[PDB]
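For reference, the structure discussed in these notes is given below.
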C-alpha cells in the first residue's frame, strides 16, 4: 500500500514540480485537457490538487 | 479536484508490548524468532521516514518557509477559500477546512505524529501557493523570482492557441470563471461524500488496516 | 563571447563536487543504505540459521542421530518450514525492495534517456533546479548521476511596463518586454537583461487602448520614413 | 460499579524511546525523548511527540540539523549542548506586485548535483 | 567492551552493534509507566 502511495508520492512530487512548479507539457496528468496550472491543498494524510 | 494520498498513517509496532502483554519471557521467545519483530520495526520506521521525506519532497519543495502577504491582490482571483485566513486560529483555508471535516494508538500499535506539524504542513502549502501565485514557476528551482499571475496566464494562452487580448478585456470574466469553478467544487465537496474518495478510502484502507490489526 | 568562462564555471563545479565527494563519505549512503538492507537482510538470512524457532538444536546432524525418524523427520520438516517462512518473508520484502529498485530503474532509464539522451522537461526530476545534462558513473550495485542544473543564486528587482499606446494600437511585446534599468528604457528578454532598441522588431500590435488606465505614448520606428 | 459516574480510559501514557546523540568523535552528550508520553516518570521540555530530557528549548532560528518531531528539531549549539526549536520559518518575501515590477536573475550557478 | 544498560549512548551502540555512531535520531527501547497499582472495584453499600 505504501508502494502505491510511494508511486503516488513520486507522482505528487512530479506534480508538485510539473503541475505546481510550471506548465506540465504532459497531457492527462495534471487533469483532463491542456493543463494550465495547479494549486495544492493539504488534507489529512494526503493532498488535493 | 485531483485527490491524492501522499503521506500515510505513520505507525510503529513495539514487539515487546504489542504481542506480549507484560511478559518478558514472551518477548524473549519472540526474539527466539530472531529479527522478525526487529526487521518489521525497522521496515516500519523506514516507511515513516519515507512519508517524512515525501513531505520533504511533496510539500517541502521549498527548503525555507514562505508566507502569504496580508493583501491578496491577485487580479480578481479570489483565494479566500484557498490561501489561509489569519482570522481563524489555524493558518489553513476554507476548502482545506472542508477537506479535513469530511474525514474520520491504544492496542500497542503507536502512531508517530508527523515531523512536520499539521499547522506547519499548512504553512508548507501556503508557501507553495505564494510561490505559484506571486513567485511563479521558480520557487522549487532555487530562489524564487517575481512573476505576475496574469503574465503567467497570457503565455499560457499563447501556448494553447489564444492571444493575451483577453487579459485587458476580461480579467474580471476569467477571474469569475475560476472562482465559479471553485464554487462548484465547493458545492461538490459540501455535497458529494465520495468527492475526496481517493484519500477517504486510503484513510479507510488505513483505518480498517489498523482496525483489522486490532480485530486481528 | 565567453565559452571559456562558462567552461571554467563547469570545471569549478566539477572540482567542488570532487572535493565534496572526497570529503563527505556519507554522500554515497544512498547506495550504502540500499546495500545495507541487502547486507542486513543477508545478515538476517544468516542470522536466521541461528534462529531455531523452538528447536532443540541447530546442528543438522544433532537432530537425526538422537530422535527416531518418525519424530526427527517431522522436527526437521517444521524447522525447514520456519526457514521457508523466513525465505518467503525475505523474498517478499526483497522483491518490494526490488520493486523500489525497479521503479528507480525505470526512473534511471528515463534519466538515461530523458536527461542523458536529451534534456528532461520534468522539473526537479534530474536535479534540484532546471536540469541541463546528466553524466552517469557506475557504482557498486547502482549508478551515480552528475546532474548539471541551472540554479539562480543572486537576484535584483527591476521594472517592467503595462503597455505602450502610440496611435490607437496597444503594443504588447511578443518577444522581449519594456524594461528600465534605472536611467534607461529598453526592451529585454524575460530571463536575461540584454538592452535593445525599441522598434517594430521588439513590439507587436495586440490588445486595445480602450480600457488601459494610465495610458502613455512612446516612439515607434518606421524604417522607410 | 460503585458510584454513578463515567470515567474515560486513556491507555496509560505509552510510547517509544528516541535517543539523540551527535557524532561520537564530535560530542558525547545524549538527549532522550520519550515518544507519545508526557513527563511522568522523568532541563526538561514538553513536546507534542513526547517528553524531551537533556535539551534546552531556544527561541532563535538556526539551521535545522536533527529533526525530532512535531516541527521541533535539534542542533548541537551554544558550553555546547543539544537545542530543540521550531524548524526555520524563514523570511517572508511576498509583497504586492503589479505590471511594473520583476525580479531579474543577474547571476546563477551551473551546479553538478 | 560496552554495557547495554549503562547510559542511553551505551544502549544505542548495543542496539546498532557499532562503536562509531554519527548524526541521527535513533531508537533503543520502549518507555512505559509501570503498573503503579491494580484497580479492582466493587459496588458500594452488588
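Residue numbers (PDB author numbering), protein chains in the order written: chain A, 1014 to 1062; chain B, 724 to 827, 854 to 965; chain C, 918 to 1142; chain D, 579 to 620, 641 to 676, 689 to 723; chain E, 288 to 332, 335.
Backbone N, C-alpha and C define an ideal beta-carbon position, used for all residues, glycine too.
Query                                                                                                                                                                                                : Result
Let me know if residue 616 of chain D comes out buried or exposed under the rule of 16 or more other beta-carbons within 10 Å of its beta-carbon.                                                    : exposed
Which residues of chain A have a Cβ atom closer than 8 Å to the Cβ of residue 1042 of chain C, listed in chain order?                                                                                : 1027 and 1030
In whole angstroms, what separates the C-alpha of residue 912 of chain B from that of residue 707 of chain D?                                                                                        : 23 Å
Taking DSSP's pairing of strands, which residues face residue 1047 of chain C in a bridge?                                                                                                           : C:1067
Could you name the residues of the same chain whose beta carbon sits closer than 6 Å to that of residue 928 of chain B, not counting the 5 residues immediately before and after it, in chain order? : 801
Counting only C-beta atoms, is residue 1039 of chain A closer than 8 Å to chain B at any point?                                                                                                      : no
Taking the straight line between their C-alpha atoms, what separation do you get for residue 920 of chain B and residue 906 of chain B?                                                              : 13 Å
I'd like to know if residue 1067 of chain C contacts chain D, where contact means its C-beta is closer than 8 Å to some C-beta of that chain.                                                        : yes
Please state the DSSP three-state secondary structure of residue 989 of chain C.                                                                                                                     : helix
Quick one: give me the first and last residue of the alpha helix (DSSP H) that residue 1150 of chain C is part of.                                                                                   : The question about residue 1150 of chain C has no answer here: the residues shown for chain C are numbered 918 through 1142.
Rounded to the nearest angstrom, what separates residue 1093 of chain C and residue 1058 of chain A at their Cα positions?                                                                           : 44 Å
If you follow the beta strand (DSSP E) that residue 860 of chain B is part of, which residue opens it and which one closes it?                                                                       : 858-860
Check whether the Cβ of residue 665 of chain D lies closer than 8 Å to any Cβ atom in chain B.                                                                                                       : yes
Using a C-beta cutoff of 8 Å, does residue 1020 of chain C count as contacting chain A?                                                                                                              : yes
Could you tell me the alpha carbon to alpha carbon distance between residue 1090 of chain C and residue 1122 of chain C, rounded to whole angstroms?                                                 : 8 Å
Please confirm whether residue 768 of chain B has its beta-carbon closer than 8 Å to some beta-carbon of chain E.                                                                                    : yes
I need the boundaries of the beta strand (DSSP E) containing residue 721 of chain D, first residue and last residue.                                                                                 : 712-722
Is the CB-CB distance between residue 740 of chain B and residue 857 of chain B below 8 Å?                                                                                                           : yes
With which residues is residue 319 of chain E paired in a DSSP beta bridge?                                                                                                                          : D:592
Would residue 1128 of chain C pass as an interface residue toward chain B - the criterion being a Cβ-Cβ separation below 8 Å?                                                                        : yes
For the stretch 695-717 of chain D, list every residue whose C-beta sits within 9 Å of some C-beta in chain B, in sequence order.                                                                    : 696, 697, 698, 699, 700, 701, 702, 703, 704, 705, 706, 707, 708, 709, 711, 712, 713, 714 and 715
DSSP on residue 752 of chain B, reduced to helix/strand/coil?                                                                                                                                        : helix
Measuring straight from C-alpha to C-alpha, what distance separates residue 942 of chain B and residue 1026 of chain A?                                                                              : 27 Å
I'd like to check one pair, residue 1060 of chain A with residue 729 of chain B: are the Cβ atoms closer than 8 Å?                                                                                   : yes
From residue 784 of chain B to residue 1073 of chain C, what distance separates their C-alpha atoms?                                                                                                 : 23 Å
Who are the near neighbours of residue 878 of chain B in its chain, counting only those whose CB is closer than 8 Å to its CB and skipping five residues on each side?                               : 791, 802, 805 and 806
Looking only at its chain, what residues have a beta carbon closer than 7 Å to the beta carbon of residue 962 of chain B, apart from the 5 residues adjacent to it on each side?                     : 858
Provide the residue span of the beta strand (DSSP E) that contains residue 327 of chain E, from first to last.                                                                                       : Looking at the DSSP string, residue 327 of chain E is not in any beta strand (DSSP E), and its letter there is neither H nor E.
At 7 Å on the CB atoms, spell out the chain D contacts of residue 862 of chain B, in chain order.                                                                                                    : 646, 647, 667 and 668
Give the range of the alpha helix (DSSP H) segment to which residue 651 of chain D is assigned.                                                                                                      : That residue, residue 651 of chain D, is in no alpha helix (DSSP H); its beta strand (DSSP E) goes 648-651.
Count the other CB atoms within 10 Å of the CB of residue 1053 of chain A; is the residue buried (16 or more) or exposed (fewer)?                                                                    : buried
Please list the terminal residues of the continuous beta strand (DSSP E) segment that includes residue 1104 of chain C.                                                                              : 1102-1105
Taking the continuous alpha helix (DSSP H) assigned at residue 932 of chain B, which residues delimit it?                                                                                            : 914-940
Do residue 1051 of chain A and residue 1043 of chain A have their C-beta atoms within less than 8 Å of each other?                                                                                   : yes
Is residue 814 of chain B closer than 8 Å to residue 774 of chain B when the C-beta atoms are compared?                                                                                              : no
In the DSSP assignment, find the alpha helix (DSSP H) that holds residue 760 of chain B and state where it starts and stops.                                                                         : 759-777
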